[PDB]
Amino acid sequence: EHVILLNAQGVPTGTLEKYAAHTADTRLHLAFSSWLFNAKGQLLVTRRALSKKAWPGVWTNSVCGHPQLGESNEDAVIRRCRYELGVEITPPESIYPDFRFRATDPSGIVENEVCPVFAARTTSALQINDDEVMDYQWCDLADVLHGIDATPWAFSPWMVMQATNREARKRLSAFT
């Protein structure tokens, strides 16, 4: 696997091996973030495994990852849902298409990403990949937003920025 390096505009200019891409000096690259809801409307929140290079052991939205060269955002989402959670989903919908961020985790690892955000519904049970996910919770979106609003620091910084964007929180609030 690789990440896709992006110039100032989001134009692909090359790739980096995924392991080697995330450092204290992470270069801008392409990502996605996705929020998954079951048929009942509950939101899946996941806790990143202790072996993830960036934000290990951090509670976050459902599935995030890195599209490969020539791969659609939506296929990337569908792929990582299968890989991390062993779950089938409905076609991903856009909730925050121009999301972009740069942050630093507690050990100094940086994420630096153009990261369009998607939502989708699960259509099968979860089969957890414990190399990716160490814990998860099915919850009510409203409680998760209250959590993010009251103690944002208990969640990943991108989950927080995403949940607090006017339009994105509005669009997320429909899948319930």
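Residue numbers run from 1 along the displayed sequence.
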| item | value |
| --- | --- |
| 148 to 156 or 6 to 14, whichever carries the higher mean Cα B-factor | 6 to 14 |
| Mean C-alpha temperature factor, higher of 15 to 23 and 163 to 171 | 163 to 171 |
| From 43, 115, 133, 64, residue of greatest CA B-factor | 43 |
| C-alpha B-factor winner, where the candidates are 58, 125, 128, 36 | 125 |
| CA B-factor placement of residue 89, once the chain's modelled residues are sorted into thirds | lowest |
| Residue 120 by Cα B-factor - lowest, middle or highest third of the modelled chain | middle |
| Ranked C-alpha temperature factor of residue 79 among modelled chain residues, by third | lowest |
| Position of residue 107 among the chain's modelled residues by C-alpha B-factor, lowest, middle or highest third | highest |
| Residue 49 - Cα temperature factor, lowest/middle/highest third of chain | lowest |
